[PDB]
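A.B. asks: Generate coordinates for the sequence data below:
(chains A and B)
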There are 2 protein chains.
Amino acid sequence: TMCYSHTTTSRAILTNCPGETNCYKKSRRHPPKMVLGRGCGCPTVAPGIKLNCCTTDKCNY
Amino acid sequence: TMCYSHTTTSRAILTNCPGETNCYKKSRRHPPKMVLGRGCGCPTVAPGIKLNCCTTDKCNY
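C.D. replies: Residues are numbered from 1 along each chain as shown, chains lettered A, B, ... in the order given. Have a look at this structure:
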């Protein structure tokens, strides 16, 4: 499964995710509402974050 | 000097900044290009961040 990936500061790339089936998109739940991170897997997320986890290639754009 | 303030996850408020003359806006230098934080002062910033520091009330919107 290929997923977009980046931290809040790093650059947005496309990776393969060995051993994972999901991709994630973390976003700010409160305005500004924006994406804070994308990556492999489905991490547990701290408060204030909306977490979306999907299973097809490139689904986390 | 009153400045907007928030972390990447906390809520956006308006604060007074005792003892500071500047407000800051941290942003992502690389796309998505977006604001990651606002607050009192002019902090030193890690790589990948565009830092703007201003001196009038509410200048960091």
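
A.B. asks: CA atoms for contacts and neighbours, from now on please.
C.D. replies: Noted.

A.B. asks: who's in contact with residue A:26?
C.D. replies: Residues in contact with residue A:26 (Cα atoms under 8 Å, 6 or more residues apart in numbering or on different chains) are A:35-38, A:49-52.

A.B. asks: what's in contact with the helix or strand containing residue A:15?
C.D. replies: Assigned by DSSP states H and E, residue A:15 belongs to strand A:13-16. Residues from elsewhere that reach strand A:13-16, judged by Cα under 8 Å, 6+ apart: A:1-6, A:40, A:58.

A.B. asks: buried subset of the contacts of residue A:26?
C.D. replies: Buried residues within those, defined by neighbour count using 16 or more other Cα atoms under 10 Å in any protein chain shown: A:35-38, A:49-52.

A.B. asks: Identify those among the residues you listed that sit within strands.
C.D. replies: Members of the buried ones among the contacts of residue A:26 lying in strands (criterion: DSSP state E): A:35-38, A:49-52.

A.B. asks: Include distance to residue A:26 when you put the residues you listed into a markdown table, please.
C.D. replies: Output for these, formatted as a markdown table (distance: Cα to Cα, whole Å):
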| residue | distance to residue A:26 |
| --- | --- |
| A:35 | 6 |
| A:36 | 6 |
| A:37 | 5 |
| A:38 | 6 |
| A:49 | 6 |
| A:50 | 6 |
| A:51 | 5 |
| A:52 | 7 |
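
A.B. asks: doesn't residue A:22 make contact with residue A:56?
C.D. replies: Yes. The pair residue A:56 / residue A:22 is scored as a contact, 7.5 Å apart, by Cα atoms under 8 Å.

A.B. asks: Common neighbours of these two, please.
C.D. replies: Contacts common to residue A:56 and residue A:22, judged by Cα under 8 Å, 6+ apart, are residue A:1.

A.B. asks: The two: which has the busier surroundings?
C.D. replies: residue A:22 (23 against 13; other Cα atoms under 10 Å in any protein chain shown).
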